[PDB]
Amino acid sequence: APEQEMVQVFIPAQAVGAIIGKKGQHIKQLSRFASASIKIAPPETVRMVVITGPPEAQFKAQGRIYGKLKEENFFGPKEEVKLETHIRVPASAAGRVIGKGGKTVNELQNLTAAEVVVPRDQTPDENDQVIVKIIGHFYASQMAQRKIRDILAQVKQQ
């Protein structure tokens, strides 16, 4: 059964208008395209897009956010869109995302050219989960997320 995941994508504050669209048109139809729930989180004081859905939904929705930002010239003419994404992993599995000595997060970064960072002083949330930070282009971020998901599923069996 397609399990659901929640991802937080940070976008430039000024881009919220193009993601939402007039009368919310763009964010509704993006939800239908991806078959995902897609929400702009309230400002704490970048803005955070919260995407909830299974992996294929995540791919479609995230793909369209990177694409919309590209199309609106939010970055630059020669500039690939690079965004920060936060995902949550079991605390008991974070040490396996890092690897012994740090070898798996290193391999991740070398394979994808995404920057992947597990902050080390975290308090697990009420679901015993901690943040992994992913910064990169669309493909790099997708590949980091897919790999981390596969690591988690491995730890779960064993």
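In case it trips you up, residue 1 is the first one in the sequence shown, and so on.
Relative to its counterpart among 138-146 and 15-23, 15-23 has the higher mean temperature factor, C-alpha atoms as listed in the PDB entry.
Note on 124-132 vs 99-107: mean CA B-factor is higher in 99-107. In this PDB entry, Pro55 carries a Cα temperature factor that places it within the middle third of its chain's modelled residues. When the modelled residues of the chain are ordered by C-alpha B-factor, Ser35 sits in the middle third. Annotation for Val46: CA B-factor lies in the middle third of the chain's modelled residues. Remark: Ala93 belongs to the highest third of its chain, ranked by C-alpha B-factor as recorded.
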